[PDB]
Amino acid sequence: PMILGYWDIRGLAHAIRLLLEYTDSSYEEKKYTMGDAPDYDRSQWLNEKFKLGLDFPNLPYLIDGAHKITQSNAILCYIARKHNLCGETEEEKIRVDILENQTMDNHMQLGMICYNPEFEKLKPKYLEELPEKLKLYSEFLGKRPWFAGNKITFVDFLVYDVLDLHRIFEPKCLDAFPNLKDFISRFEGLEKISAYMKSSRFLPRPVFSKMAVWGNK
């Protein structure tokens, strides 16, 4: 069975875990524990980091037999390809590519301030800007059932994670975009998704690692 390595948190592995579940993939998980402050001992991972045969050692990392992979989006396409969720038409592949990177951006943005000691000070501006960000995704999705088009793709998992992370950060954020709310309903309503969410495996928190100022627990 495949084996997904990551910290004992949600973070970046979220969309992957969801995808793996949606695809009925056979897998295990090698969760790494980070020590408490002030050191935040990472040795559990560092003692293994370069022993796994990974090309660019990192987290998350996926191991499927002889295939060792790093970089979240790389791991997602890998999985998605086995179930034709990496896109089909031309326009689909474009939307996929754009989102694939757009979400990664918007994510690192939140991550950056949530790990910034001055989070409290920065928070005001970030929130002032967020509505427009969400709007973009609303406009983008429009009347489509999924982001790529009529068929679901791995990018839907990425958009979800991002959108979800924001209802958690600011609950009223998605209130102004019905289609987005429906998207979340539609995504969580997915049979294998719904079931996974009610299982013991579902790890929706902590959102970030112990070093984080927000969602660190």
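Numbering starts at 1 and follows the sequence shown.
Mean CA temperature factor is higher for 89-97 when stretches 75-83 and 89-97 are set side by side in the entry. Higher average CA B factor: 198-206, of the stretches 198-206 and 10-18. Note on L190, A176, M34, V159: the highest value goes to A176, judged by CA B factor as recorded. In the PDB entry, a CA B factor belonging to the lowest third of its chain's modelled residues is recorded for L59. For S26, the recorded CA temperature factor ranks within the lowest third of the chain's modelled residues. Among all modelled residues in its chain, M104 ranks in the lowest third by Cα B-factor. In the deposited entry, the Cα temperature factor of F154 sits in the bottom third of values across the chain's modelled residues.
Residue-level temperature factors show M2 in the middle third of its chain, judged at the C-alpha atom.
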